[PDB]
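Asks: 3D model of this:
(2 chains, ligands or ions: 4)
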Amino acid sequence: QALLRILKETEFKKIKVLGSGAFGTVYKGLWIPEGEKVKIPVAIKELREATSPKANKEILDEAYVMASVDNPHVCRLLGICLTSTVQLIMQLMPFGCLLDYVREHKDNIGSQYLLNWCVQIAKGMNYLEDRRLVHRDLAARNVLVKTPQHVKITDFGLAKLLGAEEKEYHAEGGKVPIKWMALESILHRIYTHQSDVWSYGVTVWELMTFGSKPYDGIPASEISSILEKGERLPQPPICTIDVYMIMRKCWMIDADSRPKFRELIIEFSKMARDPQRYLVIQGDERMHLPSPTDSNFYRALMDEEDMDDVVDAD
Amino acid sequence: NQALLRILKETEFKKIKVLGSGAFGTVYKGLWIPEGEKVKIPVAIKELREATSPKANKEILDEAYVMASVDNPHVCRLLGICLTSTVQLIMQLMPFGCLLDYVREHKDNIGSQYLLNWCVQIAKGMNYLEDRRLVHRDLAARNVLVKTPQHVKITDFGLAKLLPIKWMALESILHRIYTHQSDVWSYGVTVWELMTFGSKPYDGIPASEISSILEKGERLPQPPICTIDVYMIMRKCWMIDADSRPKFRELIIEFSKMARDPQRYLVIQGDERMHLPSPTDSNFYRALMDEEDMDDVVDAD
Ligand SMILES: *CCC(=O)Nc1ccc(OC)c(Nc2cc(-c3[nH]c(SC)nc3-c3ccc(F)cc3)ccn2)c1
Ligand SMILES: *CCC(=O)Nc1ccc(OC)c(Nc2cc(-c3[nH]c(SC)nc3-c3ccc(F)cc3)ccn2)c1
Ligand SMILES: [Cl-]
Ligand SMILES: [Cl-]
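Replies: Numbers count the residues shown, from 1 in each chain, chains lettered A, B, ... in the order given. Ligands and ions are numbered 1, 2, ... in the order given. And now the structure:
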């Protein structure tokens, strides 16, 4: 009901393009509330069009679901405007997406951050599973940085909302994240919590490689074949076997032998209490989590929502 | 807790726009840039007017630690300091500005629910300070900030004695004594500022004379939109006997009861349309701009 605000074009304006993806383009926007003199920064995503004649009531029905997620590590859909285009509004994250972030800070990112991000993504996915929601497009590009200490999963439900043609399954770099999908999703369009776990495995690989592209050079139309031959992403240079073993367990053919998200929370949290034993990174001692003074300052300005503490080295 | 006050360097922030001035200094909109990042985070900066020596900065710094230690949804927390030649204080930017200029700009477009809820929230904020045995000394409509129209916060705590006759209690004018009950006096003047949509108290009466007219029993007039039950509360805050003025705890309860029957205690033209936002609008505001936890506001019955 009340969790989702219906906007009109008169009360917001796209100000500047931030990025473009398969689901649409994201603009920095301004909400201009009824009868006020302020401009509030917002993020606006104008979606490309769904491959299905989507009734507005069922666009709104999906959006209410998206507006109902209440968890520190999943972004909640705040508003929608249904005109010629479908435009979604939510809180602007000035730090951008986690894939761009790890690429840009490749040389100054330590084990404590990498492992805590793992935990927080797993926490956000565990929430979705408890709500019986399947993301279908979990990836590092779909994790946003609210602060460097706080990441949140975005864009859930949009894969099932917009769908995709069958041509973009059998084609290179399109609207279907073939190289992030479990084999059963590629072959049969089967999407469960356990194939979200597969995508979580690929997401962790992106982070541990500081933003490498998975299976680069192998055409997307061939990924289904190499997966059935047993080929998987290689062990990132900074990962001990403990971390690589978890990754490979997520890419097992039999879905129900993959780990559960709740298990992944527990093991990545264990590893975050002694991060130097599980990731080998040069200069890792010259990189720490923020001090208490710095986290209190970050939170009071920009991140006031309830959140569990980051897992620190004992 | 020394970890509640960040010591800023000049290199990591910049003043962008002037937002206003005050008895204590000049207020800027600024941008904080964290080290190693490329983002620009808006902040409010207050630059004090007088320059200070190292010995004077030590007294300022320890007072700042107390300001940084206030934690309540209706009192603004001091977040940082930069000890230059001329001191600068940093807190979170309240984009809707100060309530004084807000009510002046929205004169005949503010419903009764907003006014009474602002009085509840201000009282809650002062009651927190009293509970911590902290005296504001400069409560006024210009020192209540608007985070959202539904959420206001007292600012500038502790600045007064660290470094407003027509807001002060008689005992403070005559003998420079400041107590929680003198804060209650200025609460009444603040409520008077709100109800007249930002009129100037005791207009055209020189500050040198306020002492003497108060002695003779002259008090600010009944605002036109106020029922006599609102005005009597205000009148109780301006009694010469400090301890028979209302207590901040009692004001929360009184205005909250009134906030549930808002149109019987304030009579406003066109009030049948200025209701506080639906749950939908209020959820939007909070997820977008105001994620801190705060008790619900008092809606009608
Ligand atoms: C990883 C790619 C990316 O999103 N980069 C990026 C660059 C600049 C930015 O502004 C500071 C942001 N902020 C941001 C983005 C989003 C968002 N990102 C995506 S990519 C799949 N999709 C969205 C989005 C926006 C609005 C909605 F209603 C739903 C989804 C969201 C908030 N802040 C990011
Ligand atoms: C009535 C005057 C006023 O404050 N106006 C105003 C106009 C625009 C604004 O943002 C768009 C804000 N936001 C704001 C103001 C302040 C602040 N006001 C004062 S008046 C004496 N003092 C402060 C302040 C700033 C920083 C500190 F560390 C302490 C006190 C604070 C936050 N947002 C206001
Ligand atoms: Cl996208
Ligand atoms: Cl001032």
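
Asks: rest of the way, CA atoms for contacts and neighbours
Replies: OK.

Asks: Am I right that residue A:304 is in contact with residue B:294?
Replies: No - using Cα atoms under 8 Å as the test, residue A:304 is too far from residue B:294 to be in contact (11.5 Å).

Asks: Contacts only, for the closest residue to chain B within the stretch 51-200 of chain A.
Replies: Using Cα to the nearest Cα, the single residue of the stretch 51-200 of chain A nearest to chain B is residue A:91, 5.3 Å away. By Cα atoms under 8 Å, 6 or more residues apart in numbering or on different chains, the residues touching residue A:91 are A:41-43, A:78, B:287-288.

Asks: Mind doing that once more with 7 Å?
Replies: Residue A:91 makes contact with A:42-43, B:288, according to Cα atoms under 7 Å, 6 or more residues apart in numbering or on different chains.

Asks: Can you pull the phi and psi angles for residue A:202?
Replies: According to degrees, to the nearest 10, the main-chain angles of residue A:202 amount to phi -70, psi -40.

Asks: What residue in the stretch 101-250 of chain A comes nearest to ligand 3?
Replies: Closest approach between the stretch 101-250 of chain A and ligand 3, counting by Cα to the ion: residue A:155, at 7.7 Å.

Asks: How about the secondary structure of that residue?
Replies: coil (DSSP: H, G, I helix; E, B strand; the rest coil).

Asks: Now it. Nearest residue, chain neighbours left out?
Replies: residue A:142 (6.4 Å; Cα to Cα, 6 or more residues apart in numbering or on different chains).

Asks: now swap in residue A:80 and tell me
Replies: Spatial nearest neighbour of residue A:80, chain neighbours left out: residue A:88 (4.6 Å); criterion: Cα to Cα, 6+ apart.

Asks: right, is whichever strand or helix holds the one you found up against ligand 3?
Replies: Using DSSP states H and E, residue A:88 sits within strand A:86-90. No - using Cα under 5 Å from the ion, strand A:86-90 stays clear of ligand 3, with a minimum separation of 11.8 Å.

Asks: Same check on stretch A:20-28?
Replies: Yes - using Cα under 5 Å from the ion, we find that stretch A:20-28 touches ligand 3 at A:21-24.

Asks: Now do that stretch: everything it contacts.
Replies: By Cα under 7 Å, 6+ apart, stretch A:20-28 touches A:14-19, A:42-48, A:174-175.

Asks: Compare those and tell me which is most surrounded.
Replies: Sorting the contacts of stretch A:20-28 by how many neighbours each has (other Cα atoms under 10 Å in any protein chain shown) puts residue A:44 first, at 29 neighbours.

Asks: Go ahead and list the helix or strand containing that one.
Replies: strand A:40-47.

Asks: picking up where we left off before, now, which of the contacts of stretch A:20-28 sits nearest ligand 4?
Replies: residue A:42 (31.0 Å).

Asks: Who are the packing partners of the helix ranked longest in chain A?
Replies: Ranked by residue count under DSSP state H, the longest helix found in chain A is helix A:111-130. On a contact count with 3 or more Cα pairs under 7 Å, 6 or more residues apart in numbering or on different chains; DSSP states H and E, helix A:111-130 meets strand A:150-153, helix A:193-208, helix A:261-272.

Asks: Off-centre distance for the second one?
Replies: Taking Cα atoms, centre = their mean, to the nearest Å, one finds helix A:193-208 lying 10 Å from the centre of the chain it belongs to.

Asks: Got the phi and psi for the residue lying farthest from the centre of chain A?
Replies: Going by Cα atoms, centre = their mean, the residue of chain A most distant from its centre is residue A:35, 35.6 Å out. Phi and psi for residue A:35, reported as degrees, to the nearest 10, are phi 70, psi 20.
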